[PDB]
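K.L.:
If you read the sequences in order, they're chains F, C, B and E. Read in order, the letters of the first sequence are residues 271 to 426 in PDB author numbering. Read in order, the letters of the second sequence are residues 16 to 30, 38 to 93, 100 to 158, 179 to 371, 388 to 501, 510 to 616 in PDB author numbering. Read in order, the letters of the third sequence are residues 234 to 343, 357 to 497 in PDB author numbering. Read in order, the letters of the fourth sequence are residues 323 to 396, 407 to 426 in PDB author numbering. Here a beta-carbon is modelled for each residue, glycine too, at the ideal position from N, C-alpha and C.
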Amino acid sequence: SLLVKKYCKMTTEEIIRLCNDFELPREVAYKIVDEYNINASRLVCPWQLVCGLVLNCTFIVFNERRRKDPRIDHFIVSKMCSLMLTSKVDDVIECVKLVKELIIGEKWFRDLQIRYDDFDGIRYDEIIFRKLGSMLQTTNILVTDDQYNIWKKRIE
Amino acid sequence: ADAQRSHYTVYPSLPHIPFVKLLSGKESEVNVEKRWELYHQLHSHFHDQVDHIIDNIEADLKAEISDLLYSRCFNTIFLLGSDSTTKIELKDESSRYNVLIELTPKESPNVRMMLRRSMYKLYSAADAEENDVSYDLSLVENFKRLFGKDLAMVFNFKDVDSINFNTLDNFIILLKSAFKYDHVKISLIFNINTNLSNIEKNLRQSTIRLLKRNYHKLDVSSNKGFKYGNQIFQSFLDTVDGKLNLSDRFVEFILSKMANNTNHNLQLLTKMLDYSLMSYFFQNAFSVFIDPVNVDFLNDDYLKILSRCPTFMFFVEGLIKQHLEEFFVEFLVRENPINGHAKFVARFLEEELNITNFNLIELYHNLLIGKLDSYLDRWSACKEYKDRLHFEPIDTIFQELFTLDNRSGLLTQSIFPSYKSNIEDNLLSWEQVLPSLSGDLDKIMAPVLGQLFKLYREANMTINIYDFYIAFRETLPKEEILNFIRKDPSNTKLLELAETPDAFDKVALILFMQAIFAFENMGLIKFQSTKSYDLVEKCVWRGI
Amino acid sequence: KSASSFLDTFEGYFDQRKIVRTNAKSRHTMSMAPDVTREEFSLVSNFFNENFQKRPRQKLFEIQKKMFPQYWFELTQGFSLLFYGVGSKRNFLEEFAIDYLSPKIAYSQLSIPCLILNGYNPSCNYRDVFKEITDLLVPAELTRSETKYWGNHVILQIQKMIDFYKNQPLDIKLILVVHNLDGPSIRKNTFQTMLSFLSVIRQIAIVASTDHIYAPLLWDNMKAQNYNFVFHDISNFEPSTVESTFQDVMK
Amino acid sequence: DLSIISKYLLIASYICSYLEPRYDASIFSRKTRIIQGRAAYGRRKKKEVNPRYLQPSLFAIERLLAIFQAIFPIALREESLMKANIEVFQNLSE
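(1) Counting C-beta neighbours from all protein chains within 10 Å, is the total for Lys338(F) 16 or more, i.e. buried, or is it exposed?
(2) How would you call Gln291(B), buried or exposed, if buried means at least 16 neighbouring beta carbons within 10 angstroms?
(3) What residues in the region 345-366 of chain E have a beta carbon less than 9 Å from any beta carbon of chain F?
(4) Please name the residue, chosen from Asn426(B), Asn367(B), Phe247(B) and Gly397(B), that lies closest to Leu386(E) on a Cα-to-Cα basis.
(5) Are the C-beta atoms of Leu332(E) and some chain F residue less than 8 Å apart?
(6) So what's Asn364(B) in DSSP terms, helix, strand or just coil?
(7) Taking the continuous beta strand (DSSP E) assigned at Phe316(B), which residues delimit it?
(8) Ignore the nearest five residues each way along the sequence and tell me which others in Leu292(C)'s own chain have a CB closer than 8 Å to its CB.
(9) Could you check what DSSP says for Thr380(B) in three-state terms: helix, strand or coil?
(10) What span of residues does the alpha helix (DSSP H) with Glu157(C) cover, start to end?
(11) Name the residue from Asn190(C), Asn214(C) and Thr114(C) whose alpha carbon lies nearest to the alpha carbon of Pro133(C).
(12) What is the DSSP secondary structure of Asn419(F), counted as helix, strand or coil?
(13) Check the Cβ of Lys401(F) against every Cβ in chain B and list those closer than 8 Å, keeping chain order.
(14) Between which two residues does the beta strand (DSSP E) holding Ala200(C) run?
(15) Output needed for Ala153(C): all residues of its chain with C-beta closer than 6 Å, excluding positions within five of it in sequence on either side, in chain order.
(16) Cβ of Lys272(C) less than 8 Å from any chain F Cβ?
(17) Taking the alpha-carbon of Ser311(F) as reference, which of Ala236(B), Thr270(B), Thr242(B) and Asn284(B) has the nearest alpha-carbon?
(18) Span of the alpha helix (DSSP H) holding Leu475(C)?
(19) Locate the beta strand (DSSP E) running through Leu108(C), then write down its first and last residues.
(20) Using beta carbons (cut-off 8 Å, strictly below), is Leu372(F) in contact with chain E?
(21) Taking DSSP's pairing of strands, which residues face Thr534(C) in a bridge?
(22) How far does the alpha helix (DSSP H) with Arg335(F) in it extend, from its first residue to its last?
(23) In whole angstroms, give me the CA-to-CA distance for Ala85(C) and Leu223(C).
(24) Starting from the C-beta of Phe462(C), find all residues in its chain whose C-beta is less than 8 Å away, skip the five residues before and the five after it, and write them out in chain order.
(25) Note down the Cα distance separating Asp332(B) from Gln297(B), rounded to an integer number of angstroms.
(26) Closer than 9 Å by beta-carbon distance: list the chain F residues that pair up with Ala416(E), in chain order.
(27) Quick one, which of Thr255(C), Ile247(C), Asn241(C) and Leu285(C) has its alpha-carbon nearest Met468(B)'s?
(28) Which same chain residues end up closer than 8 Å to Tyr323(C) when comparing Cβ atoms and leaving out the 5 residues on each side of it in sequence?
(29) Among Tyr183(C), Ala200(C) and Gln600(C), which one has its Cα closest to the Cα of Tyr151(C)?
(30) Anyone know if the C-beta pair for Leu566(C) and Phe280(B) falls short of 8 Å?
(31) What's the call for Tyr340(B), buried or exposed, on a 16-neighbour Cβ count within 10 Å?
(32) Going by beta-carbon coordinates alone, are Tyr538(C) and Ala266(B) separated by less than 8 Å?
(33) For my contact list, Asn311(C) and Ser245(C) are in at a C-beta cut-off of 8 Å; report their separation, rounded to the angstrom.
(34) What's the C-alpha gap between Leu143(C) and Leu108(C)?
(35) Leaving out the 5 sequence neighbours to the left and right, which residues in its chain are closer than 8 Å to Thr287(C) when beta-carbon positions are compared?
(36) Could you name the residues that DSSP lists as bridge partners for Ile237(C)?
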C-alpha cells in the first residue's frame, strides 16, 4: 500500500496532476502544494497528508453535487482505493479525519469554507440554527424539495 | 449605574401565545391556536398520570418503611439509593410517644451539636404532642417522669455519604448508653447512595457488631425493578397512542441517557419526553391534524410538503411500476397497535410468568426495530410463546410528519450539550458563528479571541506571554489597521496616537491584553505565579 | 508554535506536556514590551469594541432574536434557561428579559418585575438578594418550630415557599435574571443551593448565563434536577466591557 | 447501582492519583503520527514500594478527563470518542 510507504521524494508535478485529476481549480491546488511544502520536513508518510488535503478540499469544492447525489460520496473515495493500492476503506477516511486536525484552524481553508459556503458539510444558514438550538431547524427526515422536483422531472 | 451593582429590581414599562406562524409565515392564526390548545391537552394528560405515579412512589415507599420499622439494640434500616426526600410518618400509638429526629451533615459538625439538636427536637415534639430542661441524654433518662409515656425514637440520618463518619460513630456509641432505660427504644435509618461496604469500612468494627444485632436493607432508588419508569413511559404511550409513534432512535436515545443517571432518571425521562413533545408542536404544522376534525383545513402548502415523504415516495414508485387529498384524509384512521401490543406483552409478562425485572423501554425499542424475539430470548422461561407474542411492525404511509424522532440533533444540544466542545469549536471555527457579510478589515482579520485561540491551541506546557504576543502581532496586518484607525476624524486622540511611530505594536498590545484576560476569565489560561505575570499555563484542550 | 504531532483529544494533551529543556526556554518578560497607559488602552479598546466586526455581530443578533418565542415557550413549561457561549451575554439577557419576556408574560396572564443579578461583581450576596426576593414576593414568615436549632433561615424559608407555591396557580410572578452564574461569589455552594430551591418554584422564571468553560461541574444530580436547564449556545464575540471593569486589567 | 460514567471516572481518578503524569503517554497513546516525533519511552525501573499503599496524589481536571476519554469504551461523521459533555461533569459533581 502507498499509505504504508515512508519518506517519499515528492516532486511538485505529481501532486499537481493529482490535484488536477479531481477537477480542482488552480488556486486550491496551489494552496495544497504550499501547505505540503511547509510541513514536508517533518512528515512520516507524505501520502497521508496529500490524500487528506485532496479529499478534504474536494468535499468542499464539489459539495453542491454532493448534496444532490449521495452516491458520489460512495464513489470518489473509491477513486482512492483504485490508485493508492489500498484494499482498506477505513484507512483513507482515517487519512481524512487525521488531516482534519491539521487543517481546521488555517486561513486558506477558512477562506475556502467561506467561498464555497460549507461548514462541516452544510450551509451557514443551516449551522447558525443548529448552533442556536432552534426547534424550527430543517430536520433531515423529509426528502429535499429540490430532489422532489428532480424526481418529478425524472418522471417528466 | 446599574451595571456596577450586585442586584437591582427593574419594572419594565409595558405599553399572547409563544407559538409562531409556520409554512414560511403562511400558517393561519386558528391553526396556531389549535396547536397551542392540543399541545396543552397532550401535556396535561401526560402530567396527570405522572403526578399519580409520583404520589404512588411516595405512598408505597412510606408503606414499606412503616412495615420495616414496626415488625436492647437499635432497629437499623439501611436505605440504599435513598437521595433523601421522604417525609417519614410514624404511628399515633397510645402510652408511647413516637418521635422522628432528622439529622443532616450540615447539622452534624460534632457529637455535641447532634445530641443538642436531637434533644431539642425531642422536647419540642413531646411538648407539642401533649419549665426548661438540659439538652442532653438525661432528658431521655427522665422521659417517663416528665411526660408519663414510653419513648420510641426514630433517627433519620439524611445523606450518610456526606456526614463525617467519626462523628456518626461516636453519636451511635452515645446513643447506645440509652439502652439501660426500660422506657426507651431506638430506631436508626441510614440513607445510603454508594454501597453498604463503603460505610462498613469507615466505621469501627465494634459499631458494626452493634448494628448487626437488628438490621434490615431496602432499596429505595428509582431504578428498582424499572416498574416506576415502566409506568411513566407507558403513560406517555397512553397519551400519544393513535396520534404519533415513537422512533427507534429516539427510544435508544432515552435508553442511553437514562443509563447515564443514577439517582434521578425518572425526571430526566419526563424532561426528554416533554421537550420532544414541545419540539414537535413548535415545529410541525401538521400537528393540527392530530385532532380528526381539522381535516377540512388542508391548503396548497400542506399538500405540497405532504408529498415529500419517503413512504409516499416508495408508494407512488410502486404504483407507477405496477401500472391525493381524499387519499390523505381516509388514511388517518389506523390505530398503530404497537403500544397496545407492548402493554399486552407487559401484562402477560408479569401476569402469570412472574417476570418483573424487565425494562418496558427496552421491550418497546426491540419491538420497534423488529428484534423482539432476541429481547425475550434472554429469560429462558417464555420459550412457549414465540408465536403468541410475535409482532411485525407495519411501515405506514406519511407517518414521518406524525412522529417523535431524534435526527436533527436538537435534544443533544438543548438537554445534553457538548458544552466545552462547543466553546472551543466556536473559538476555533468562528466563521461558523459569525456571518460572512471596517469593510476592508473584517474580511482580512479574525476576531481577536478566535485568532488568539488558534495561536493558543498550537502551544506547549508553558507559553511565554511576550513571545505569544509577538506571534499575535505577526498575524495582524499593519497597513489596514493604520488605515481603519484613521477612519474617524471626530476622535482626535485616536489620530494623534495613530501618528506615533509605535502605534501598531501598542494597539496589538491593547487587543492582546484584553483577549488574554478574556481567556483568563473563561478559564482557558492560568497564571501559575501570583506575582510577575510573565508566563502562562494552558488549562483546556480541544476535543477532550 | 509547538513542535507536536497531535493537537486534539488526549493525543494533544499527553503530547503537549513535553519536559522542555532549560536551554530552550526564552527569558522574555514585560520589560521589553511596549509601555501603555490606562487611557489609551481604554480609547483603543472602546474604538474596536464599537467598530471592529460590528456589522456581523449586529446581523447575528438579528438572527438570534428569532429564538425569543421559543425561549418564552421553554420558560412557560417550567424549564430554566441557561445561556452560554463566547462573548458577553449581558445585553442579550437584558433585552430578552426586559423588552420581550416581561411584557409578553404580563399580557398573556391578563408588568412582571425583573430582579437582575450581577455575578461578575465579587460582592454579590445571597442574604441581600433573598431579602429583596422577600421584598418582591412577600412570603410568610417562619414559625418557631420551622426555625429548628440554629438553622439557615434563608433555606428554610425558601423550602416553606416551595411547599406553599405547589398549590398556587402556575403563573409567573417574578423573572429572575442571573448574569454570570459562575463568577466568584455566585459559584459557591450555598448561593447555588438557594437558586436551585428557587428554581423548584414554578412561579419564578430563571434566566441565567455562564462564562467559565468548566461551569457544569457546579451542579450535581439534585441541583441539575432543581435547575431543570435547557441549554442554549449564544456565541457572539462581544466586547464584555462591563465585566472587565470588575477585574484589574492593568496587571 | 452506580453509573457507568461514574464508575469509569472513578477508575480514571484512581489512575490519576496513583500513577505519575509523565508516564501517561507511554501507556495510553495509540494514534498514528502524521508529524514526525518520538513518543514516551516509559519507565526504566520498577518501584520498591507499592504506590497503592500510600496516600493518593493530586491531579487536575483536564488530566482526569483525558484519561477518562482514553479508557472509556467506544464513520466520516461519527467521532466515536466520547467528549466531556454535561453528563460527565454532572457525574463528577455527584
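P.N.:
Inspection of the coordinates gives the following:
(1) With fewer than 16 Cβ atoms within 10 Å of its Cβ, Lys338(F) is classed as exposed.
(2) By the 10 Å Cβ count, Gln291(B) comes out exposed.
(3) Residues of the region 345-366 of chain E with a C-beta atom less than 9 Å from some C-beta of chain F are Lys353, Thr354, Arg355, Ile356, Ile357, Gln358 and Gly359, listed in chain order.
(4) Closest option to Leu386(E), judged by alpha-carbon separation, among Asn426(B), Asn367(B), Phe247(B) and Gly397(B): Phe247(B).
(5) Chain F contact via Cβ: absent.
(6) Secondary structure of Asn364(B) (DSSP, three-state): strand.
(7) For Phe316(B), the enclosing beta strand (DSSP E) covers residues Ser313 to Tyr317.
(8) Residues of the same chain with a CB within less than 8 Å of the CB of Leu292(C), apart from the 5 flanking positions on each side, are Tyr328, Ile338, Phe466, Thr467 and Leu468 in chain order.
(9) Of the three classes helix, strand and coil, the one that applies to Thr380(B) here is helix, per DSSP.
(10) Looking at the DSSP string, the run of the alpha helix (DSSP H) that includes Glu157(C) is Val139 to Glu157.
(11) The shortest Cα separation from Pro133(C) among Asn190(C), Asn214(C) and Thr114(C) belongs to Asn214(C).
(12) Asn419(F) falls in the helix class under three-state DSSP.
(13) In chain order: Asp479 and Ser481.
(14) Segment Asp198 to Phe205, the beta strand (DSSP E) holding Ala200(C).
(15) Taking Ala153(C) as the centre and dropping the five residues before and after it, the same chain places the C-beta of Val127 closer than 6 Å to its C-beta, in chain order.
(16) At least 8 Å separates the CB of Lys272(C) from every CB of chain F.
(17) Out of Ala236(B), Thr270(B), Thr242(B) and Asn284(B), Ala236(B) has the C-alpha closest to the C-alpha of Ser311(F).
(18) Per DSSP, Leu475(C) belongs to the alpha helix (DSSP H) from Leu475 to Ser478.
(19) In the DSSP annotation of this structure, the continuous segment of the beta strand (DSSP E) that includes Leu108(C) starts and ends at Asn103 to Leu108.
(20) Yes, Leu372(F) lies at the interface with chain E (some Cβ there is under 8 Å from its Cβ).
(21) Answer is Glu609(C), bridged to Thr534(C).
(22) For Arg335(F), the uninterrupted alpha helix (DSSP H) run begins and ends at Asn333 to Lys338, by DSSP.
(23) Distance between the alpha carbons of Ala85(C) and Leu223(C): 27 Å.
(24) Annotation for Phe462(C): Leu354, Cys357, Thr359, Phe360, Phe392 and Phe395 place their beta carbon closer than 8 Å to its own, counting only its chain and skipping 5 residues before and after.
(25) Each residue's alpha carbon lies about 15 Å from the other.
(26) Residues of chain F with a Cβ closer than 9 Å to the Cβ of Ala416(E) do not exist; the shortest Cβ-Cβ separation is about 18 Å.
(27) When the alpha-carbon of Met468(B) is set against those of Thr255(C), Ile247(C), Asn241(C) and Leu285(C), the nearest one is in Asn241(C).
(28) Within the same chain, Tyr323(C) has close Cβ partners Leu475, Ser478 and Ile479.
(29) The candidate whose alpha carbon is nearest that of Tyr151(C) is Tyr183(C).
(30) Closer than 8 Å, so yes.
(31) Under this definition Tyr340(B) is an exposed residue.
(32) For the pair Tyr538(C) and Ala266(B), the CB atoms are nearer than the 8 Å cut-off.
(33) Not quite, the Cβ-Cβ distance comes to about 19 Å (not below 8 Å), so this is no contact.
(34) When rounded, the distance between both Cα atoms is 25 Å.
(35) The residues are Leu64, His67, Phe68 and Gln71.
(36) DSSP output for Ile237(C) lists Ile105(C) and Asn204(C) as bridge partner(s).
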